[PDB]
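Visitor: Provided hereafter are the protein sequence and its experimental coordinates.
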There are 2 protein chains.
Amino acid sequence: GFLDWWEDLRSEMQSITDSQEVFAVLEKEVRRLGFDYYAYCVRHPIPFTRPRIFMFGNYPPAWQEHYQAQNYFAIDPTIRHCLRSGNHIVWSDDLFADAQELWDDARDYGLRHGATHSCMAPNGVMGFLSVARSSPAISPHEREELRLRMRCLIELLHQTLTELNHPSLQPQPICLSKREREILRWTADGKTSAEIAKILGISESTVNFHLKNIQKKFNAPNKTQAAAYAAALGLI
Amino acid sequence: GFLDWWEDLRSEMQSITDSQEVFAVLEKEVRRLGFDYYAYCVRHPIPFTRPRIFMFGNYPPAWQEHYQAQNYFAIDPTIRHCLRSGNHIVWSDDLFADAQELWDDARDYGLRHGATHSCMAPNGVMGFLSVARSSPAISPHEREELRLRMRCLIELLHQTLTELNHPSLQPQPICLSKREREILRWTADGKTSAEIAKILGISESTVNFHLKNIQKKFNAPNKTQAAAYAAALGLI
Ligand SMILES: O=C(CCCOc1cccc(Br)c1)N[C@H]1CCSC1=O
Ligand SMILES: O=C(CCCOc1cccc(Br)c1)N[C@H]1CCSC1=O
């Protein structure tokens, strides 16, 4: 049954040593779900205007090249940084209402039925797992089991790739002290250096010294970027 | 049959129309897992220094009031906003190495074995589900199934309470324009008002006009808070 399937896949993936074999197992499991193609996307939260995005999968190469040529990542709703009930969305005309050209084109490449499941690690990194096929529409009776299996797949995928330290997952490596973490929290809450100095019982000079060190660790021009980047990375 | 249990529980929860009944079902499912008590905690990401937290559960009231009196929420490792390797942690002496008074007290109240699962909505809200009991240690053979069941429980719990519009899951609404949003995004990436005026081809007066409005929407005294709040809420 389901638990048998899950335990066998855990064992199969726990025995992996190279990232290449992870996606090979994934490809097999996606076909077992009844789909021809899958994609995996890692969206880091920063920079806010041009977020680091890593993309993987086995879509027909002709579709990859077209998706890239048309810059569809910038409008694709399936990888939007947004809230979806159940972290799951079955593809539909409504879903692409504001991305009509992408949906028009994708169906012309045979990607006519599918779903995307998403997860978000507490470090701002979001994963998206898509499955797609040309013909059978997704049946209502298979929808909920598909969501459950996809959730299991994307969780095991993300965990396995993190444990092999795949470059895609390693987020901006920042290390903040307890003191400067606390100063940045008050800063992100809108306090000035003077207020923070009174709150912590230290000199305004010491606060600014810490803010300067924080800004350098973020390579930021000002405290606004540092506080926003720390929030998005889950550091405060 | 794991799948029938899930489908049975979904139907049960979907028939719920009062939040009280949701926790009643949850309490029964936690006993079915073999535990005496549960807690459910909703952690909003802001204010960074004093986050909006809602707590539910059926821990003995004597423990509830002791936990609150001691402010253990602030140091509790099970509800820390951090990256749990599987969104799941079984309680251990190691986990509480930095919170020894909490763990000593908890065991003195009979909370000696348990686990916490976590989920993060992509709007910064984090859910935590704990189960606890006094006697049998969690055995190696039941761990992976407990993880899976707890993940299903917290996901269904969060979904059901969301669709009932429970006030704990409702975040304070910020209605940001398409223009306000891109100005705040650039600002979070460290750009100045003068710079932003060049990117959008408008006056620096007009940028600060939007920023003063954005700041009002966040009830924020500066743009640093507006940007960090927008980031943590998933709004930019
Ligand atoms: O599955 C996704 C998420 C984006 C990742 O897809 C891609 C696109 C190009 C190369 C690679 Br590899 C993966 N988007 C869907 C929406 C409908 S058609 C499509 O590609
Ligand atoms: O489960 C958690 C985190 C959530 C605590 O939730 C609580 C605490 C007090 C009253 C209520 Br209601 C819920 N902490 C554990 C650590 C070991 S004992 C304990 O409470």
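Guide: Arrived safely. Numbering: from 1, shown residues only, chains lettered A, B, ... in the order given. Ligands and ions are numbered 1, 2, ... in the order given.
Visitor: what about whichever residue of chain A sits closest to ligand 2, neighbour count?
Guide: Proximity of chain A to ligand 2 (CB to the nearest ligand atom) peaks at residue A:122, 15.5 Å away. C-beta coordinates here come from the backbone N, C-alpha and C atoms, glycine included. Residue A:122: 18 surrounding residues under other CB atoms under 10 Å in any protein chain shown.
Visitor: domains of chain A?
Guide: A:1-172, A:173-236 (curated CATH domains).
Visitor: Give me the secondary structure label for residue A:39.
Guide: Using DSSP: H, G, I helix; E, B strand; the rest coil, the structure places residue A:39 in strand.
Visitor: Look up how far ligand 1 lies from it.
Guide: Distance, residue A:39 to ligand 1, by CB to the nearest ligand atom, to the nearest Å: 4 Å.
Visitor: now swap in residue A:163 and tell me
Guide: 22 Å.
Visitor: Equivalent analysis for residue A:73, please.
Guide: For residue A:73, the distance to ligand 1 - CB to the nearest ligand atom - is 7 Å.
Visitor: Would you mind measuring from the residue lying closest to that residue once chain neighbours are set aside to ligand 1?
Guide: Leaving aside its chain neighbours, residue A:73 sits nearest to residue A:53 (6.3 Å; criterion: CB to CB, 6 or more residues apart in numbering or on different chains). From residue A:53 across to ligand 1, the span is 9 Å (CB to the nearest ligand atom).
Visitor: Also residue A:221?
Guide: On the measure of CB to the nearest ligand atom, residue A:221 and ligand 1 end up 32 Å apart.
Visitor: does any bit of stretch A:13-28 sit next to ligand 1?
Guide: No. Using CB under 6 Å from any ligand atom, stretch A:13-28 never reaches ligand 1; the gap is at least 10.2 Å.
Visitor: about what we covered before: out of the domains of chain A, which is the most enclosed?
Guide: With neighbours taken as mean count of other CB atoms under 10 Å in any protein chain shown, the domains of chain A reach their highest mean count in domain A:173-236, at a mean of 19.
Visitor: Span of that one from start to end?
Guide: Domain A:173-236 has an end-to-end distance of 14 Å (CA to CA, to the nearest Å).
Visitor: now the single longest helix found in chain A: how far from the chain's centre is it?
Guide: The longest helix of chain A (DSSP state H) is helix A:143-163. The chain centre lies 13 Å from the centre of helix A:143-163; the measure is CA atoms, centre = their mean, to the nearest Å.
Visitor: Helix or strand next in line after that helix, which one?
Guide: helix A:178-188 (DSSP states H and E).
Visitor: helix or strand for the closest residue to residue A:40 other than its chain neighbours, which one?
Guide: In this structure, residue A:40 finds its nearest non-sequential neighbour in residue A:56, 4.5 Å apart by CB to CB, 6+ apart. Element membership for residue A:56 (DSSP H and E) is strand A:53-57.
Visitor: Give the next helix or strand downstream of that strand.
Guide: helix A:61-69.
Visitor: quick one: contacts of that next one?
Guide: A:59, A:73, A:105, A:106, A:109, A:111 (CB atoms under 8 Å, 6 or more residues apart in numbering or on different chains).
Visitor: which residues sit in contact with the most centrally placed residue in chain A?
Guide: Note on chain A: the residue nearest the mean C-alpha position is residue A:126, at 1.8 Å, using CA atoms, centre = their mean. Residue A:126 makes contact with A:42, A:43, A:45, A:81, A:118, A:119, A:120, B:122, according to CB under 8 Å, 6+ apart.
Visitor: so the first one sits right up against residue A:129, yeah?
Guide: In other words, residue A:42. No. Using CB atoms under 8 Å, residue A:42 is not in contact with residue A:129; the gap is 10.6 Å.
Visitor: Spell out which residues of chain A are next to ligand 1.
Guide: Counting by CB under 6 Å from any ligand atom, chain A sits next to ligand 1 at A:39, A:41, A:55-57, A:59, A:64, A:67, A:76, A:78-79, A:106, A:111, A:116, A:128, A:130.
Visitor: Closest one of these to residue B:98?
Guide: Closest approach to residue B:98 among those (CB to CB): residue A:128, at 34.5 Å.
Visitor: where's residue A:197, which helix or strand?
Guide: helix A:193-200.
Visitor: how about that helix, does it reach chain B?
Guide: No. Applying CB under 8 Å from any CB of the partner chain, one finds helix A:193-200 separated from chain B by no less than 9.1 Å.
Visitor: again, but for stretch A:206-217
Guide: No. Using CB under 8 Å from any CB, stretch A:206-217 stays clear of chain B, coming no nearer than 9.5 Å.
Visitor: and for that stretch, what are the contacting residues?
Guide: A:174-176, A:179-180, A:183-184, A:187, A:193, A:196-197, A:200, A:221-223, A:225-226.
Visitor: one step back: and of the contacts of helix A:61-69, the nearest to residue B:140?
Guide: residue A:59 (40.1 Å).
Visitor: Not counting its neighbours along the chain, what's nearest the closest one?
Guide: residue A:37 (5.2 Å).
Visitor: and the one you found, what is it in contact with?
Guide: Residue A:37 neighbours (CB under 8 Å, 6+ apart): A:30, A:57, A:58, A:59, A:60, A:111, A:131, A:132, A:133.
Visitor: For the second one, list the residues it contacts.
Guide: Contacts for residue A:57 (CB under 8 Å, 6+ apart) come out as A:37, A:38, A:39, A:40, A:130.
Visitor: Could you list which residues are in contact with the second one?
Guide: Going back to what we said before, that points to residue A:38. A:26, A:27, A:30, A:57, A:58, A:129, A:130, A:131, A:132.
Visitor: Look up how far residue B:216 lies from it.
Guide: Counting by CB to CB, to the nearest Å, the separation of residue A:38 from residue B:216 is 45 Å.
Visitor: Next: the last one.
Guide: Distance from residue A:130 to residue B:216, counting by CB to CB: 39 Å.
Visitor: Extract the C-alpha trace of stretch A:92-112 and format it as CSV.
Guide: The C-alpha trace of stretch A:92-112 is given here as CSV (Å, rounded to 0.1, in the frame of the first residue of the first chain):
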residue,chain,number,x,y,z
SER,A,92,-6.2,24.9,-15.2
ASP,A,93,-7.1,27.8,-17.6
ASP,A,94,-8.0,29.9,-14.6
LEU,A,95,-4.5,29.4,-13.1
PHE,A,96,-2.9,30.9,-16.2
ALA,A,97,-5.5,33.7,-16.8
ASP,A,98,-2.7,36.3,-16.3
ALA,A,99,-0.1,34.2,-18.2
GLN,A,100,-2.1,33.2,-21.3
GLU,A,101,0.8,33.1,-23.7
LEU,A,102,2.6,30.6,-21.4
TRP,A,103,-0.4,28.3,-21.2
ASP,A,104,-1.2,28.6,-24.9
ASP,A,105,2.4,27.7,-25.8
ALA,A,106,2.7,24.9,-23.3
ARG,A,107,-0.3,23.1,-24.6
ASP,A,108,1.1,23.4,-28.1
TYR,A,109,4.1,21.5,-26.8
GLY,A,110,1.9,18.8,-25.4
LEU,A,111,2.0,19.9,-21.7
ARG,A,112,-1.8,19.9,-21.3
